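S.K.: Following the authors' numbering, the numbering of the sequence shown begins with 35 at its first residue and continues without gaps. Note that beta-carbon positions come from the ideal geometry of N, C-alpha and C, so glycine has one too.
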Amino acid sequence: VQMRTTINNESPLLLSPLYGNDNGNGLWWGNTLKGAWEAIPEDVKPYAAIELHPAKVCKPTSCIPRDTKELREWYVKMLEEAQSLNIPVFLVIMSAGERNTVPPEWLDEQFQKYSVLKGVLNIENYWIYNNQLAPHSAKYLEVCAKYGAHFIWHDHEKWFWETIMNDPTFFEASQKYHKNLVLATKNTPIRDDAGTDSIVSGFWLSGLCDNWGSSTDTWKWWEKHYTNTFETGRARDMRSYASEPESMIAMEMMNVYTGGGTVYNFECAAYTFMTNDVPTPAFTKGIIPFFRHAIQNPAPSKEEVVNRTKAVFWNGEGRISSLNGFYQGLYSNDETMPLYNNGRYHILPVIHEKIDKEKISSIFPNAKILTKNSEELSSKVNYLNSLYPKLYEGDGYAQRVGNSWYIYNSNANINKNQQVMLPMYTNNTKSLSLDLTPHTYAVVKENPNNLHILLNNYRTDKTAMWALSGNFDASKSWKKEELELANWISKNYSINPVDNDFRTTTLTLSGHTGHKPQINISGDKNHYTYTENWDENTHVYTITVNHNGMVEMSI
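1. Going by Cα to Cα distance, which pick from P383, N367, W63, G54 is closest to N521?
2. Check the DSSP bridge columns for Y442 and list the partner residues they point to.
3. Could you round the C-beta distance between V123 and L141 to whole angstroms and report it? I think they count as a contact, below 8 Å.
4. May I ask which residues mark the beginning and end of the alpha helix (DSSP H) holding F324?
5. Taking the alpha carbon of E104 as the reference point, which residue from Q146, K90, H190 has its own alpha carbon closest?
6. Helix, strand or coil: how does DSSP classify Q453 here?
7. Tell whether a beta-carbon distance below 7 Å holds between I224 and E257.
8. Please report how far the alpha carbon of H327 lies from the alpha carbon of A476, in whole angstroms.
9. Thinking C-alpha only, which one of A432, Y379, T39 is nearest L466?
10. Pair every Cβ in the segment 295-314 with every Cβ in the segment 39-48, then say whether three or more of these pairs are closer than 8 Å.
11. To the nearest angstrom, how far is the alpha carbon of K559 from that of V579?
12. Could you tell me how far apart the beta carbons of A218 and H184 are, in whole angstroms, since I believe they sit closer than 8 Å?
13. For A82, write down the residues that DSSP places opposite it in a beta bridge.
14. Which first and last residues belong to the alpha helix (DSSP H) in which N490 is found?
15. Going by DSSP, what residue range makes up the alpha helix (DSSP H) through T197?
16. Locate the beta strand (DSSP E) running through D569, then write down its first and last residues.
17. Among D226, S335, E265, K406, which residue has its Cα nearest to the Cα of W348?
18. Pull the bridge partners of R537 from the DSSP assignment, please.
19. Quick one: what's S249 bridged to in DSSP?
20. Per the contact definition of three or more C-beta pairs closer than 8 Å, is the segment 446-464 in contact with the segment 536-551?
21. What is the DSSP secondary structure of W140, counted as helix, strand or coil?
22. Can you have a look at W195 and say buried or exposed, based on whether 16 or more other CB atoms are within 10 angstroms of its CB?
23. Sorted by chain position, which residues of the same chain lie with C-beta nearer than 7 Å to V126's C-beta, five sequence neighbours on each side aside?
24. Closest to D251 by C-alpha separation, out of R106, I385, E286, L485, would be which residue?
25. Give the secondary structure of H573 by DSSP, where H, G and I count as helix, E and B as strand, and everything else as coil.
26. To the nearest angstrom, how far is the alpha carbon of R133 from that of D469?
27. Look up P313 in the DSSP assignment and give the residues it is bridged to.
28. DSSP state of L543, grouped into three classes?
29. What would DSSP say about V177, mapped onto helix, strand or coil?
30. For a quick check, are the C-beta atoms of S588 and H486 less than 7 Å apart?
31. Mapping DSSP to helix, strand and coil, what is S171?
32. Since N582 and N526 are thought to touch, with beta carbons under 8 Å apart, how far apart are those beta carbons, to the nearest angstrom?
33. Count the other C-beta atoms from every protein chain shown that fall within 10 angstroms of the C-beta of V339, then say buried if there are 16 or more, exposed otherwise.
34. Cβ atoms of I529 and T309: under 7 Å apart, would you say?
35. Quick check: what's the CA-CA separation for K111 versus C92?
Next comes the structure, spelled out in structure tokens:
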């Protein structure tokens, strides 16, 4: 059977979600299916699909998809509309512990009837686990495999993922139907961010799913009690989910991309996608630019990830869920939030206990296998440092990925700059330094005879939204107050974004071989300025870029 969607490093997948209303045209946030697909740029469409979440159609609880006549009617309504418009869709059929979801036979019928039906999603169970979720998922995965479709499971936490893959039914189904399975993170619950990346990407490296990825959830900002950027002492509300910096959404995608991930999903869609069929700046200037990067520059392949791996942690003699400082001193000081401090070790794979040690040796013949009982963990950092050399200086995040550096400022909600000094691997220049304000990322690619540099620091000022009068408490999710916020977004944030405050990224090329570089530079229109400086004696070129948005250069 031919796959309904081609998903791999050369063909990643962007999911954009719509939500059922038990009223009106059947969709929340003023959106339509036609408008959702209109929002997807033409170059992105071959690598995109629309997620259909029944949301308020579900009864008794919004978003919990208990099988009902109204649920099936809604799925069919949306399938009919998508088929008429040739829009690729995935249905959310499992969430939040629901045991009585649509029958596999019903899903089988829908695959037969609708060529636009590309697969299904199970989303969010870490707070409401039960022993039916893994077996039910296994049965739906089998149906997916019959039709060349994908089963996409978004979930989180070390103990949780350990538990799922210990299920004999799901472990067996994963081994058979890995082609049709995508396992993915969902960092809403502000715990275990580093461990979850390690385990989920570890499943992919272990051959249990052919793709992994993420649901990048701006509700984390609300969970943290954060408000306007850098602000303390204000009560959280729904405006918090519209307050994670736009470029920081892209930095979360970078963690997935550089780890070999290939599937990207997002919440909360009022901020991250569209309201009233008007796409948001977080979508157009945050998610889309990074996803375009991922289309144009394939992520590391499985074999590239295997070959750069110097050590793995195997859960076979005690599990990573029982080592709650593991990532301290290595690359995450704070597993409640997604940003990494250090790129030196990449994402360190965690291999599940159900994979035999002999199999690990087979997959990673050159890697050290660490376990909880490894003597070396008595000096964990020194030992891993003996395997992964130090590649740069400074306090920013930098990761070497083939012939590129992937870089960001790792401060989520503290207004402090970071610097990196990056040795270079070609004689285009000897070293490259960056001074980066918060919510700035960079990618530097070394071609044989030029450097290509991407900068992006896009962050709108959220002050206006936070200044509004009204009740926007999260208790009004799925109610009129939430729609008021969505309406305001469509007329303020999305059409007059407050994005004219520029911040400075300073790029210094030391030992740039020839004479004054002649730069080729472009960027978001009206959103950058720059000054150049060349020292002919020291062969140092400096470009000072003042920007709020994307800037690209070839040197």
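M.R.: Working from what's here:
1. The residue with the shortest Cα to Cα distance from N521 is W63.
2. BP columns for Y442 point to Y431, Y475.
3. Rounded, the Cβ-Cβ distance is 13 Å, inconsistent with contact.
4. Run containing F324: 322-330, per the alpha helix (DSSP H) assignment.
5. Comparing Cα positions, the closest option is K90.
6. In the three-state DSSP reduction, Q453 falls in the strand class (E or B).
7. Taking 7 Å as the cut-off, the beta carbon of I224 is found closer than this to the beta carbon of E257.
8. If I take the Cα positions, the gap works out to 11 Å.
9. Of the candidates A432, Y379, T39, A432 places its Cα closest to the Cα of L466.
10. Inter-segment contact for the segment 295-314 and the segment 39-48 is present: three or more beta-carbon pairs are separated by less than 8 Å.
11. Near 14 Å, if we compare the C-alpha coordinates of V579 and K559.
12. Not quite, the Cβ-Cβ distance comes to about 11 Å (not below 8 Å), so this is no contact.
13. Paired residue(s): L48.
14. Careful: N490 lies outside any alpha helix (DSSP H), inside the beta strand (DSSP E) at 485-490.
15. Here the alpha helix (DSSP H) through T197 covers 192-200.
16. Run containing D569: 562-569, per the beta strand (DSSP E) assignment.
17. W348 has its Cα closest to that of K406, out of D226, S335, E265, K406.
18. Looking at the DSSP output, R537 sits in a beta bridge with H581.
19. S249 pairs with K220, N299.
20. Yes: the two stretches touch, three or more of their Cβ pairs being nearer than 8 Å.
21. Looking at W140 - three-state DSSP - the assignment turns out to be helix.
22. Flag for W195 reads buried.
23. Same-chain partners within the cutoff: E85, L86, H87, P88, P99, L155, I157.
24. Answer by Cα proximity: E286.
25. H573 falls in the coil class under three-state DSSP.
26. Straight-line measurement puts the Cα of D469 at about 51 Å from the Cα of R133.
27. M308, per the DSSP bridge assignment.
28. If DSSP states are grouped into helix, strand and coil, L543 belongs with the strands.
29. Reduced to three states, the DSSP call for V177 is helix.
30. Yes, these two residues count as a Cβ contact at 7 Å.
31. In the three-state reduction of the DSSP assignment, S171 falls in the helix class.
32. In fact, because the Cβ distance is near 17 Å, the residues do not count as touching under 8 Å.
33. In summary, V339 is buried, with 16 or more beta-carbon neighbours lying within 10 Å of its beta-carbon over all protein chains present.
34. Contact: no.
35. Rounded to whole angstroms, the separation of the alpha carbons of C92 and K111 is 15 Å.
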